[PDB]
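Positions of Cβ are generated from backbone atoms using ideal geometry, with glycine treated the same way; all protein chains shown enter the neighbour counts. Coordinate-derived values only; no laboratory data.
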Amino acid sequence: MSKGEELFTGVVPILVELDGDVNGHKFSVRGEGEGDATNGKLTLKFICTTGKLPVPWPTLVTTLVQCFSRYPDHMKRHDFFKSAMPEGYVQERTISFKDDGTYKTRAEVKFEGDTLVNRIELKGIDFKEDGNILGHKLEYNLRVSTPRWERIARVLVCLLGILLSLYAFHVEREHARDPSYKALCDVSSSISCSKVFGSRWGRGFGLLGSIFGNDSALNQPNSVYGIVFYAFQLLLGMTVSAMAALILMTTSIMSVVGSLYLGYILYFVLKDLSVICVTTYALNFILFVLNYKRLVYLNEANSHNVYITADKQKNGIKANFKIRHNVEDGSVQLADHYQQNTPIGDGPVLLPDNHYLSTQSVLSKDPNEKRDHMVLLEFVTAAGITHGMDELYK
């Protein structure tokens, strides 16, 4: 509902110039690219023109054009950023890092010809020398994720289980051709792989084969279900969703209960030892631990939400939020963001109602690029105000 929104009905080129001074370490960044507000899409490439960057790139994303956010149809009325165009607006921000220094940024975002320009000035103080920032101890992404442990461990445990399932599959496929065949885990009686894999409990867990038949494709050797379990847990573990919580939790419950059941078979009815099956029980225990830890790690206390509220005293807007960067050691670095924006001109702007912007960031690297740089893809949307029931009829 602005006259500046009409300047965003298509693809707009974007220039970004930053001159920063962090505890004496001085640098300058220049990033160029384009933005399509119609889809909230941003495609930018940033380079440090002064050689090496003294800070982790993720700590500058929030600082390096919310006027490219795709607003829903009914929320156009609350799009302050577009309204301040072409004359532009000043965006000021303070970023406080827990147990570390503080950034102060003043940026002017305005139209120069066809180009949307963002000229930034940054000064950071009170940073530690061996800290996470000036120590470059931050991962390269803006993800709301669990640390490198548990992720590496999930993929590791899943792959180990998959390989053990393949080996069990082959052992069973050969005990069916020649019962007299020593697998690497057949050391004697009481300790045999083939005894458990050739058992009635080796196909379909001993059950389900008497309900569909011993010839149906559903009565596969348990190692097939194992492969599917570990592989699916992997593919869904990459994703971070509550749906994933449901799926993985049901599968984990079934895994642990069936593990104790098959172990009961091992110790009691079969009176035999299988270190591979015990290993699988351990793997299952781990996967339950991971699903549980992730369930409690879904706390509120992917994309990040920045909550915009009006600022009438300033004829502008305010925002305040938190970015959570992941440290490689396993800890978390909290950056509290404190933002305020005011138009540069004396023209009329949109004072919005409370809402927020969902921001989805993806960082990458250009392989044929020797300078220090960052490739940034972003998707920003407006939300927090639902379209009301349509009543005006009759």
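In segment 108-239 the Cα-Cα distances spread across 5 Å bins starting at 0 as 2, 8, 11, 11, 11, 10, 8, 6, 5, 5, 5, 4, 4, 5, 4, 1, 0 percent of all pairs. Of all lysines in the structure, those lying under 26 Å Cα to Cα from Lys182, and not within fewer than 8 positions of it along the same chain, are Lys195, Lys271. Placing one equal scatterer on every Cα of segment 218-277 and applying the Debye formula, the log10 ratio I(q)/I(0) at q = 0.21 Å⁻¹ is -0.91. Calculated FRET efficiency, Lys123 to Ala176, Cβ-Cβ distance, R0 = 56 Å: about 0.15 to the nearest 0.05.
Assuming a ≥ b ≥ c are the square roots of the Cα gyration tensor eigenvalues, decide whether segment 282-381 counts as rounded (a/c under 1.5), prolate (otherwise, with a/b larger than b/c) or oblate. Cα axes put segment 282-381 in the oblate bin.
Pairs of alpha carbons in segment 61-154 separated by more than 18 Å make up 64% of all such pairs. In this calculation the C-beta distance from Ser216 to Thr239 is compared with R0 = 30 Å, giving a FRET efficiency of 0.40. Shape call for segment 156-222 from the C-alpha gyration tensor, a ≥ b ≥ c root eigenvalues: rounded (a/c under 1.5), prolate (a/b greater than b/c) or oblate? In terms of gyration-tensor shape, oblate.
From largest to smallest, the equivalent ellipsoid semi-axes obtained for segment 1-78 from the alpha-carbon gyration tensor read 31, 12, 10 Å.
Within straight-line reach of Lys322, meaning a Cα separation under 18 Å, sit the following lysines at least 8 residues removed in sequence or on another chain: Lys98, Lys104.
Sparsely packed loop sites in segment 349-394 (the GluC sites (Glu not before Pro) outside DSSP H, G, I, E and B with at most 14 other Cβ atoms within 10 Å) comprise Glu369, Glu391. Stretched out straight at 0.36 nm per residue, the stretch from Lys137 to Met249 would grow longer than its current Cα-Cα span by 37.0 nm. Label positions at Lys52 and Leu159, each projected 7 Å from the Cα along the C-beta direction, are separated by 3.1 nm.
Each other residue within a Cβ distance under 10 Å of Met1 adds +1 if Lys or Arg and -1 if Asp or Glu, for a net charge of +2. Extending 7 Å from the Cα toward the beta-carbon at both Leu298 and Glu17 defines two label points whose distance is 4.8 nm. Note on the chain: the C-alpha convex hull projects to 29.1 nm² when averaged across all orientations. If r is the Cβ-Cβ distance from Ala282 to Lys322 and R0 is 51 Å, what FRET efficiency results, to the nearest 0.05? E between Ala282 and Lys322, to the nearest 0.05, is 0.85.
Charged side chains reduced to their Cβ positions (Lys and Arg at +1, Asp and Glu at -1) give segment 270-318 a dipole of some 260 debye around its Cα centre. Sorting the segments 82-95, 21-34 by their residues' average number of neighbouring beta-carbon atoms within 10 angstrom, most packed first, yields 82-95, 21-34. At what distance in angstrom do the alpha carbon centres of segment 335-394 and segment 28-50 lie from each other? Between the Cα centre of segment 335-394 and that of segment 28-50, the gap is 14 Å. Over segment 191-242, the alpha carbon radius of gyration divided by the compact-protein estimate 2.2 N^0.38 Å works out to 1.44. Distance check, please: which entries in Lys26/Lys82; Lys52/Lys365; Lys82/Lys312 exceed 27 angstrom between their Cα atoms? Table pairs above 27 Å Cα-Cα are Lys26/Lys82.
A cut-off under 15 angstrom between Cβ atoms defines the neighbours of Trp201, and their net charge, with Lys, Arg +1 and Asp, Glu -1, is +2.
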